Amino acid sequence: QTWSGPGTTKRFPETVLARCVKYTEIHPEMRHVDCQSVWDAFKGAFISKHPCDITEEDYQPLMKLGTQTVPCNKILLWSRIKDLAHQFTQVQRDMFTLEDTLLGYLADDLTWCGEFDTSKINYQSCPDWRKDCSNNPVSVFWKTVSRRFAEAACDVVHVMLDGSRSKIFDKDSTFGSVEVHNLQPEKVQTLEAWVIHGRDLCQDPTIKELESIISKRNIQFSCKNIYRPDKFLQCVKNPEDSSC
């Protein structure tokens, strides 16, 4: 095998297309997206390209077709706690993660790459970010869309963090390396962290580091513990409870 990472997800083309159809069927704003054109732009970003030479520019046509206004004050970022974040926005349809946007939805949990100077999709292997190269089709996609998603944020932006991790805030994560640095100080008043337990984890040294970084960008920092994730989701679903 050429690469260290898993290959393209089985029936990736069909999957992307069907996810686009489903998304544009559900969301009114996207009711006039051409899903064939979306797929054309998507594969055009990586097909026939060396999968270690992908650029942010390669994804521009896809970004254009997938342009979407998201309510800027309703953004939930997350790091290393994907499941709860998505369960949260499933209940509180008010709030959006990146994976609730058209492009994030299309790509979530999928792997893809092409081969240099041929039209084939590589279903055998693809570059691993760490072992092979960082400018691969998947990593460059997420870097670009997550930057744009962070730039769209305003007002109070929330981030869900995993408090069972050794690094609750990890500066090397997508959240720490891309999103925190692309929030716009002109628009974003506060970054509020929700530290999810499995103790005042808002006093953890990495949260303090996050606090310092954000403050120095002239954005306010707030932090809250979520001691009981189950009860959290319970109250998100049934919030009028006295118990909430």
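The numbering used is simple: start at 1 and walk along the sequence shown. We call the rigid core whatever largest set of C-alpha positions still superposes within 1.5 Å between the two forms.
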{"query": "In 4 other deposited structures of this protein, rigid core aligned: more displaced of 104-112 and 88-96 by C-alpha RMS", "finding": "88-96"}
{"query": "Greatest C-alpha divergence in 4 other deposited structures of this protein once each structure is fitted on the rigid core, 3-11 or 234-242", "finding": "234-242"}
{"query": "Missing residues, deposited sequence, between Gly198 and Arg199 (class: none, 1 to 3, 4 to 9, 10 or more)", "finding": "4 to 9"}
{"query": "Entry-level comparison of average CA B-factors, 216-224 and 9-17, reporting the higher stretch", "finding": "9-17"}
{"query": "Mean C-alpha temperature factor, higher of 175-183 and 55-63", "finding": "55-63"}
{"query": "Out of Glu151, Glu115, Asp128, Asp108, highest CA B-factor residue", "finding": "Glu115"}
{"query": "Where the record places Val91 (Cα B-factor, split into thirds across the chain)", "finding": "highest"}
{"query": "Relative C-alpha B-factor of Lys82, binned into the chain's lowest, middle or highest third", "finding": "middle"}
{"query": "Among modelled residues of the same chain, the CA temperature factor third for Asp40", "finding": "highest"}
{"query": "Chain-relative CA temperature factor third for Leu191", "finding": "lowest"}
{"query": "Record-listed C-alpha B factor of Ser119: chain third", "finding": "highest"}
